[PDB]
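Data block below; observations after.
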Amino acid sequence: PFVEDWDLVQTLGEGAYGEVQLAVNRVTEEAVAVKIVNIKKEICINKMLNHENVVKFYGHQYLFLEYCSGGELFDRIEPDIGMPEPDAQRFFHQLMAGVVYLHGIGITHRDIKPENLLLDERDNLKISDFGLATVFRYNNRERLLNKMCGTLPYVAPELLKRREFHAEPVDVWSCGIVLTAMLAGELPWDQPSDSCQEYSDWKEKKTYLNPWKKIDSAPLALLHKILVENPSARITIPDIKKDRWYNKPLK
Ligand SMILES: CCOC(=O)c1cnc2[nH]nc(-c3cccc(C#N)c3)c2c1N1CCO[C@H](CN)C1
């Protein structure tokens, strides 16, 4: 008996998606994260998702999600430094795996940032929080997006200037920003607009300035392909997996 019973142990973190608590099983001592609260969409989308690099959904207001004891990728990033290139590559590999999966089933997260990339006990990356996620492909038919979603430093430039835009390049772009944050310990701009000096400098290719200065030429080459303003000219994920740094053996 008693297997259905969980003890709430500590609050893990907040949100206007709701407060999150740590549940531990009375009997099995298994640990899950319980969300405390649109909300029907998050639950619907969670039910589609099964992948090593996506936070696991257990059931259900109470949402039952995989507990990631490693915390946030955000906390493995030393300010102004970043992290060791090999760790960044590994994390990036796992992020790509997760995003390839999501896009595979026609779902875009829309808010990819280190705070939403959690780590398990073995430091495997898991994409978290699908409260802003939406379907972009259904019955093999793509639907453009038009609603502003996400976080300014991470959003693609077309999202600020276009009425409609493809969902996938947006996720690729924010992944690029994450890669940057991982290798330099800083975000390049407040937002990708032409009134942002930093973004202007990047478009003019002044990579002798931070954060690009702190980034090796190989990863920077990849970033040169990801952070392209025109979403049509931007590298897709299949080609990211052919990039030289992506395939560079690192220790
Ligand atoms: C070790 C502590 O880390 C956490 O706080 C944490 C652990 N496991 C989690 N699984 N799912 C979440 C999570 C977080 C935020 C939103 C949603 C949704 N929907 C799920 C989670 C953890 N978060 C708890 C709240 O604060 C952090 C936000 N990423 C981490």
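In each ligand, atom 1 is the first atom listed, and ligand 1 is the first ligand listed. The first residue of the sequence shown is numbered 1, and numbering continues consecutively from there.
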Original post:
Is the side chain of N247 donor-acceptor paired with the backbone N or O of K241 at a distance under 3.5 Å, no angle test?
Top reply: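 The answer is yes, because a donor-acceptor pair under 3.5 Å joins these two groups.
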State the atoms of ligand 1, each with its element, that fall below the 4.0 Å cut-off from a heavy-atom position in [X].
{"X": "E115", "answer": "29 (N)"}
{"X": "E66", "answer": "8 (N), 9 (C), 10 (N), 11 (N)"}
{"X": "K35", "answer": "18 (C), 19 (N)"}
{"X": "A33", "answer": "9 (C), 10 (N)"}

**OP:** Could you walk me through whether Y154 and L187 pass the side-chain contact (heavy atoms from CB on, under 4.5 Å) test, one step at a time?
**Re:** CA-CA 9 Å; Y154 298 90; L187 304 175; 3.5 Å; yes
Original post:
If hydrogens are left out, which of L117, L12, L118 has an atom nearest to atom 4 (C) of ligand 1, that is, the closest non-hydrogen atom?
Top reply: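 Of the listed residues, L12 has the closest heavy atom.
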Original post:
Can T134 and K41 be counted as having a side-chain donor-acceptor contact under 3.5 angstrom?
Top reply: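 The criterion, which ignores hydrogens and geometry beyond distance, is satisfied for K41 and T134.
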Test your reading of the structure: does [X] have an N or O sitting under 3.5 Å from an N or O of ligand 1?
{"X": "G71", "answer": "no"}
{"X": "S69", "answer": "no"}
{"X": "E72", "answer": "yes"}

Could you tell me if any non-hydrogen atom of [X] lies under 4.0 Å from any atom of ligand 1?
{"X": "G15", "value": "no"}
{"X": "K126", "value": "no"}
{"X": "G131", "value": "no"}

Original post:
Is any side-chain heavy atom of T151 less than 4.5 Å from a side-chain heavy atom of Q191?
Top reply: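 The answer is no; the side chains never approach within 4.5 Å.
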Subject >> Between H166 and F136, ring centroids under 6.0 Å >> reply: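 No; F136 has its ring centre 6.0 Å or more from that of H166.
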Original post:
Do the ring centers of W212 and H224 come within less than 6.0 Å of each other?
Top reply: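 No; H224 has its ring centre 6.0 Å or more from that of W212.
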Subject >> Closest non-hydrogen atom pair, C196 against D190 >> reply: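 Distance-wise, the nearest heavy atoms are SG-N, 3.8 Å.
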Subject >> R143 bridged to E164 by N-O distance under 4.0 Å >> reply: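 No, this pair does not count.
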